[PDB]
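Listing of data_6.pdb, PDB, C-alpha atoms
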```pdb
MODEL        1
ATOM      1  CA  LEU A 151      -8.096   2.031 -22.348  1.00  0.00           C
ATOM      2  CA  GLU A 152      -4.778   3.617 -21.392  1.00  0.00           C
ATOM      3  CA  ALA A 153      -6.623   6.767 -20.305  1.00  0.00           C
ATOM      4  CA  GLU A 154      -9.181   4.905 -18.186  1.00  0.00           C
ATOM      5  CA  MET A 155      -6.537   2.674 -16.603  1.00  0.00           C
ATOM      6  CA  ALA A 156      -4.389   5.755 -15.966  1.00  0.00           C
ATOM      7  CA  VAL A 157      -7.217   7.506 -14.130  1.00  0.00           C
ATOM      8  CA  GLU A 158      -7.875   4.258 -12.234  1.00  0.00           C
ATOM      9  CA  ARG A 159      -4.186   4.130 -11.292  1.00  0.00           C
ATOM     10  CA  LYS A 160      -4.468   7.767 -10.229  1.00  0.00           C
ATOM     11  CA  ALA A 161      -7.450   6.918  -8.016  1.00  0.00           C
ATOM     12  CA  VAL A 162      -5.784   3.897  -6.400  1.00  0.00           C
ATOM     13  CA  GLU A 163      -2.529   5.784  -5.821  1.00  0.00           C
ATOM     14  CA  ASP A 164      -4.502   8.734  -4.427  1.00  0.00           C
ATOM     15  CA  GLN A 165      -6.349   6.544  -1.929  1.00  0.00           C
ATOM     16  CA  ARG A 166      -3.024   4.918  -1.018  1.00  0.00           C
ATOM     17  CA  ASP A 167      -1.538   8.383  -0.480  1.00  0.00           C
ATOM     18  CA  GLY A 168      -4.555   9.376   1.604  1.00  0.00           C
ATOM     19  CA  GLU A 169      -4.178   6.293   3.788  1.00  0.00           C
ATOM     20  CA  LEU A 170      -0.460   7.022   4.158  1.00  0.00           C
ATOM     21  CA  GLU A 171      -1.162  10.650   5.085  1.00  0.00           C
ATOM     22  CA  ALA A 172      -3.843   9.698   7.619  1.00  0.00           C
ATOM     23  CA  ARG A 173      -1.652   7.054   9.259  1.00  0.00           C
ATOM     24  CA  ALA A 174       1.320   9.436   9.320  1.00  0.00           C
ATOM     25  CA  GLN A 175      -0.817  12.172  10.883  1.00  0.00           C
ATOM     26  CA  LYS A 176      -2.080   9.790  13.572  1.00  0.00           C
ATOM     27  CA  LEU A 177       1.465   8.585  14.273  1.00  0.00           C
ATOM     28  CA  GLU A 178       2.734  12.172  14.454  1.00  0.00           C
ATOM     29  CA  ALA A 179      -0.056  13.066  16.884  1.00  0.00           C
ATOM     30  CA  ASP A 180       0.861  10.093  19.080  1.00  0.00           C
ATOM     31  CA  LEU A 181       4.541  11.073  18.968  1.00  0.00           C
ATOM     32  CA  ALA A 182       3.652  14.665  19.870  1.00  0.00           C
ATOM     33  CA  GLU A 183       1.601  13.451  22.838  1.00  0.00           C
ATOM     34  CA  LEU A 184       4.501  11.278  23.999  1.00  0.00           C
ATOM     35  CA  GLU A 185       6.936  14.183  23.636  1.00  0.00           C
ATOM     36  CA  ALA A 186       4.535  16.318  25.670  1.00  0.00           C
ATOM     37  CA  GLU A 187       4.690  13.666  28.387  1.00  0.00           C
ATOM     38  CA  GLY A 188       8.483  13.994  28.261  1.00  0.00           C
ATOM     39  CA  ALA A 189       9.072  10.388  29.284  1.00  0.00           C
ATOM     40  CA  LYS A 190      12.462   8.824  29.964  1.00  0.00           C
ATOM     41  CA  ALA A 191      15.005   8.282  27.204  1.00  0.00           C
ATOM     42  CA  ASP A 192      14.393   4.527  27.331  1.00  0.00           C
ATOM     43  CA  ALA A 193      10.633   5.055  27.034  1.00  0.00           C
ATOM     44  CA  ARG A 194      11.179   7.560  24.223  1.00  0.00           C
ATOM     45  CA  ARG A 195      13.290   5.044  22.303  1.00  0.00           C
ATOM     46  CA  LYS A 196      10.763   2.265  22.936  1.00  0.00           C
ATOM     47  CA  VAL A 197       7.807   4.280  21.643  1.00  0.00           C
ATOM     48  CA  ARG A 198       9.841   5.673  18.738  1.00  0.00           C
ATOM     49  CA  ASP A 199      10.831   2.153  17.682  1.00  0.00           C
ATOM     50  CA  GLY A 200       7.224   1.004  17.979  1.00  0.00           C
ATOM     51  CA  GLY A 201       5.985   3.876  15.840  1.00  0.00           C
ATOM     52  CA  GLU A 202       8.739   3.395  13.269  1.00  0.00           C
ATOM     53  CA  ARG A 203       7.906  -0.308  12.996  1.00  0.00           C
ATOM     54  CA  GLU A 204       4.217   0.545  12.616  1.00  0.00           C
ATOM     55  CA  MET A 205       5.028   3.011   9.830  1.00  0.00           C
ATOM     56  CA  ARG A 206       7.280   0.451   8.127  1.00  0.00           C
ATOM     57  CA  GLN A 207       4.471  -2.118   8.288  1.00  0.00           C
ATOM     58  CA  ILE A 208       1.981   0.391   6.867  1.00  0.00           C
ATOM     59  CA  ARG A 209       4.365   1.210   4.018  1.00  0.00           C
ATOM     60  CA  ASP A 210       4.933  -2.512   3.436  1.00  0.00           C
ATOM     61  CA  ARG A 211       1.183  -3.077   3.110  1.00  0.00           C
ATOM     62  CA  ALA A 212       0.900  -0.070   0.793  1.00  0.00           C
ATOM     63  CA  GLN A 213       3.722  -1.451  -1.360  1.00  0.00           C
ATOM     64  CA  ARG A 214       2.025  -4.860  -1.376  1.00  0.00           C
ATOM     65  CA  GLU A 215      -1.125  -3.220  -2.734  1.00  0.00           C
ATOM     66  CA  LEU A 216       0.892  -1.169  -5.232  1.00  0.00           C
ATOM     67  CA  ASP A 217       2.778  -4.185  -6.586  1.00  0.00           C
ATOM     68  CA  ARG A 218      -0.449  -6.199  -6.714  1.00  0.00           C
ATOM     69  CA  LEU A 219      -1.964  -3.479  -8.892  1.00  0.00           C
ATOM     70  CA  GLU A 220       1.236  -3.307 -10.953  1.00  0.00           C
ATOM     71  CA  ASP A 221       1.044  -7.064 -11.545  1.00  0.00           C
ATOM     72  CA  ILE A 222      -2.592  -6.640 -12.583  1.00  0.00           C
ATOM     73  CA  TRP A 223      -1.560  -3.891 -15.010  1.00  0.00           C
ATOM     74  CA  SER A 224       1.318  -5.923 -16.456  1.00  0.00           C
ATOM     75  CA  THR A 225      -0.874  -8.998 -16.922  1.00  0.00           C
ATOM     76  CA  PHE A 226      -3.610  -6.939 -18.584  1.00  0.00           C
ATOM     77  CA  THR A 227      -1.104  -5.298 -20.936  1.00  0.00           C
ATOM     78  CA  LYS A 228       1.022  -8.444 -21.345  1.00  0.00           C
ATOM     79  CA  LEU A 229      -2.044 -10.602 -22.018  1.00  0.00           C
ATOM     80  CA  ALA A 230      -2.192 -13.295 -24.693  1.00  0.00           C
ATOM     81  CA  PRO A 231      -3.807 -16.728 -25.105  1.00  0.00           C
ATOM     82  CA  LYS A 232      -2.218 -19.788 -23.468  1.00  0.00           C
ATOM     83  CA  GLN A 233      -1.365 -17.768 -20.339  1.00  0.00           C
ATOM     84  CA  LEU A 234      -1.840 -19.498 -16.983  1.00  0.00           C
ATOM     85  CA  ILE A 235      -2.817 -17.809 -13.709  1.00  0.00           C
ATOM     86  CA  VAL A 236      -1.949 -20.065 -10.770  1.00  0.00           C
ATOM     87  CA  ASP A 237      -3.154 -17.677  -8.052  1.00  0.00           C
ATOM     88  CA  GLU A 238      -6.947 -17.718  -8.298  1.00  0.00           C
ATOM     89  CA  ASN A 239      -7.001 -14.464  -6.315  1.00  0.00           C
ATOM     90  CA  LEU A 240      -5.280 -12.574  -9.136  1.00  0.00           C
ATOM     91  CA  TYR A 241      -7.646 -14.016 -11.753  1.00  0.00           C
ATOM     92  CA  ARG A 242     -10.641 -13.140  -9.573  1.00  0.00           C
ATOM     93  CA  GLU A 243      -9.340  -9.581  -9.227  1.00  0.00           C
ATOM     94  CA  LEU A 244      -8.907  -9.308 -12.996  1.00  0.00           C
ATOM     95  CA  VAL A 245     -12.392 -10.607 -13.791  1.00  0.00           C
ATOM     96  CA  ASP A 246     -14.120  -8.526 -11.101  1.00  0.00           C
ATOM     97  CA  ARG A 247     -12.316  -5.335 -12.134  1.00  0.00           C
ATOM     98  CA  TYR A 248     -11.877  -5.883 -15.900  1.00  0.00           C
TER      99      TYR A 248
ENDMDL
END
```

Take the structure in the file and give it back as structure tokens.
Amino acid sequence: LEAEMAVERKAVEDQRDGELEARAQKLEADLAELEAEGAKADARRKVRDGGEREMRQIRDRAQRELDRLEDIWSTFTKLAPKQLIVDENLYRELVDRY
């Protein structure tokens, strides 16, 4: 069970890393295009702030997914009778997955 959950964690973290890499590559391409335009300093700062906020939001969503999976893992390992799951979404995830 530890081995199968470890490979599952590897797969989920690998798809998270792939999403991060793809988003970072797209953002870098957009930044390169903007730099090629050579816009004003104000425009450069505006677009840089927009891209940085987009990357922060992407990382926030990735961390949300990661901590959701970590909560799933902790609950599965720290599982015993008389345990309540208020959030039906978490219980649905557990039953659908394991």

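Relative to CA of residue 168 in chain A, CA of residue 208 in chain A is found at 12.3 Å.
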
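Relative to CA of residue 207 in chain A, CA of residue 173 in chain A is found at 11.1 Å.
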
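Of the residues under consideration (A:245, A:236, A:219, A:212), A:212 shows the shortest atom-to-atom contact distance to residue 167 in chain A when counting all atoms listed in the file.
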
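Proximity of A:177, A:160, A:188, A:224 to residue 203 in chain A, computed with all atoms listed in the file, is greatest for A:177.
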
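When only C-alpha atoms are used to measure the gap to residue 243 in chain A, the shortest distance among A:226, A:165, A:231, A:183 belongs to A:226.
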
Box time for range 165-172 of chain A: axis-aligned, enclosing all its listed atoms, 4 Å extra on each side; report centre and edge lengths in Å to one decimal, as AutoDock Vina command-line options.
```
--center_x -3.4 --center_y 7.8 --center_z 2.8 --size_x 13.9 --size_y 13.7 --size_z 17.5
```

Contacts of residue 194 in chain A within 12 Å, all atoms listed in the file, excl. fewer than 6 positions in-chain, as a VMD selection string:
chain A and resid 180 to 188 200 to 202

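Across the model, the gap from CA of residue 225 in chain A to CA of residue 159 in chain A is 14.7 Å.
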
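For the set A:233, A:190, A:246, A:158, the residue with the smallest atom-to-atom gap to residue 220 in chain A is A:158, counting all atoms listed in the file.
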
Return the single residue from A:247, A:215, A:227, A:205 that is closest to residue 172 in chain A, with distances computed using all atoms listed in the file.
A:205

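Between residue 222 in chain A and the candidates A:242, A:176, A:196, A:166, the tightest atom-to-atom separation, counting all atoms listed in the file, involves A:242.
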